[PDB]
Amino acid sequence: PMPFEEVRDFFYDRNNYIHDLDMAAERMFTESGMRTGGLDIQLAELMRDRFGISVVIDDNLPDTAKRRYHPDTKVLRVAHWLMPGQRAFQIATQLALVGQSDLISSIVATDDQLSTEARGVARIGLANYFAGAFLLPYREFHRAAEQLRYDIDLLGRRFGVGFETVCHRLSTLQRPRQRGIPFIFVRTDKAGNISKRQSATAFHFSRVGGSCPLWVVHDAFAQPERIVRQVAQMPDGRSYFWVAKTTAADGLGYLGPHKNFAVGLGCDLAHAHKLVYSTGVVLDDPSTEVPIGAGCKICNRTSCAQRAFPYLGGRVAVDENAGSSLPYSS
């Protein structure tokens, strides 16, 4: 495998929850006297007071640089065009890399099979995890997620972060005795590439698969920047609730290159009733569930009109005397 797949599996093997790192972030948040709201300024003062790091807002960085840290003089420059929550994320990432280096190193050490480059990629993944666990302190964030019935927009509003950051954190609430809904988080683009997979436990799309066009995550770009929802049934009978939305943040100019992603959060149908997104939806009727697969070549459904490729198991008859609206049927 490749290094990003190695690190995806590194997080999947740990149920997408790193107890030592999460508790470290929360403990530092509390001991520093942090308060939710305007964390970028408080994080600047924590960098200065605890690490001698001077944080400066720089509009002189290249267009694509979100931050740069100069370790010779200990100066952290943060992009002016980042919103406060993004600035705080950048600062907390660097905070993990300079202030939690040994804890990150030992956590990486717990997987001896990781390749040389996968270890650095995992270091960056764990720094991102720390930044998420610092911006969204575990007990407070879990506590608000339950009060708000998992409304991602309201969570982002209360904590001053975006949709993708909230979904990231929601997929990590696997602390023993204070678990949230077990989620699978995915990020896709317009061509169906899934560039992020994180899961609390085993799901169909945790590691591979996900190229079924009836899956609602791919429909997010058809209805941009509005939450889509679906009650999906996999070919093995297991049922899931999926919500997805496009994240499209540029301001790189009309001519510039644009980045467009969709973020999806899925869970077992049995949890759907605790989500605000199930409002108005009937969840006790298996006939209203949408039948999806994992990708046409690994999907054994026999009567799918959307089917793009034949199922690789077994083969269908070819009939010169029949025409059908079900491709590769028999």
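From 1 onward, residues are counted along the sequence shown.
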item	value
196-204 versus 81-89 - greater average Cα B-factor per the deposited record	196-204
Greater mean Cα temperature factor according to the PDB record, 307-315 or 21-29	307-315
Top Cα B factor in the deposited entry, candidates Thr165, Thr172, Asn128, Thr116	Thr116
Residue of maximum C-alpha B factor among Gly251, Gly210, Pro137, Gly156, per deposited coordinates	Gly251
Record-listed C-alpha B factor of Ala270: chain third	middle
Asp112, C-alpha B-factor rank within chain (lowest, middle or highest third)	highest
CA B-factor placement of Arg301, once the chain's modelled residues are sorted into thirds	highest
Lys259 - Cα temperature factor, lowest/middle/highest third of chain	highest
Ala144 - Cα temperature factor, lowest/middle/highest third of chain	lowest
